[PDB]
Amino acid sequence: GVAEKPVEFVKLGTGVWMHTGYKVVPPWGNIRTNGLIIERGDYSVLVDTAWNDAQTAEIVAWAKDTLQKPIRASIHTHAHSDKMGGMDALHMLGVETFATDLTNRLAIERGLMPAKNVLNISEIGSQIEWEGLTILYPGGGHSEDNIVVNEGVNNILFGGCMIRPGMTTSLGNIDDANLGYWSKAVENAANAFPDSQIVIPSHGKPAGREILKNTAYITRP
């Protein structure tokens, strides 16, 4: 198969960095997965692992060594291996991990390791403030447990796998999707965070609010 592309880091805003890792999925090629590192003074917090422990350890080392703001804690945006494939690395590297109770239960069922701490959002529309970020459960979409994360200083909305890349018509991995609610969940996220000017999908490049509108259109019933 083709070589797996290396992990990448790019600055999205003041104190906000995108991590990207790659996986070769036969019989095709590399697929990216994106998460964030967010600076919090003298430490940082992480949104999502990469695909596996080795990529995730590289991300932790980058925060410690380049930002000099080591990762203290992390949040995971649903129970799939692009988001939770590196949990064992986080736990060994002393990162305190958080996910919803539903995500943790699905992780165990799906062969992934659960996070150490529960985020108490479980009803549609529930929000909490966590390490300066707003975390919203908008309802099931790409996965029943999918959550989104807003960084209100730079106005960056992390949509994760609930937001599809660019102007795609492909729905990606829908094995666990709530096809009936997905478009409404995208609308819920868009309405909850109207000021965010940058939107990050897991599997494509950073964009504007047009990827919210495009995802909502392509996943509509």
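Start at 1 with the first residue shown and count on from there. C-alpha atoms forming the largest set that superposes within 1.5 Å between two forms make up the rigid core.
* Asked: Which is farther from the shown form in 4 other deposited structures of this protein in C-alpha RMS with the core fitted, 67-75 or 110-118?
  -> Per-stretch check in 4 other deposited structures of this protein: the more divergent one is 110-118.
* Asked: Which of the two stretches, 24-32 or 53-61, moves more in 4 other deposited structures of this protein when the core is held fixed, judged by C-alpha RMS distance?
  -> Once the cores are fitted, 24-32 deviates more in 4 other deposited structures of this protein.
* **Average Cα temperature factor in the PDB entry - higher stretch of 65-73, 164-172** => The stretch with the larger average C-alpha B-factor is 164-172.
* **107-115 versus 78-86 - greater average Cα B-factor per the deposited record** => Of 107-115 and 78-86, the stretch with the higher C-alpha B-factor average is 107-115.
* **Peak C-alpha temperature factor (PDB record), options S44, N154, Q55, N34** => Of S44, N154, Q55, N34, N154 has the highest C-alpha B-factor.
* To do: Using the B-factor values recorded in the entry, state whether the Cα atom of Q127 falls in the lowest, middle or highest third among the modelled residues of its chain.
  => Highest third of the chain for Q127's C-alpha B-factor.
* Taking the values exactly as deposited, rank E39 by C-alpha B-factor within its chain and report the matching third: lowest, middle or highest. => Tercile = middle for this residue's CA B-factor.
* To do: Looking at the entry's B-factor column for C-alpha atoms only, identify whether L12 ranks in the lowest, middle or highest third of its chain.
  => Tercile = middle for this residue's CA B-factor.
* Asked: Looking at the C-alpha B-factor of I121, is it in the lowest, middle or highest third of its chain?
  -> CA B-factor rank for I121: highest third.
* **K205 by Cα B-factor - lowest, middle or highest third of the modelled chain** => It belongs to the highest third of the chain when residues are ordered by C-alpha B-factor.
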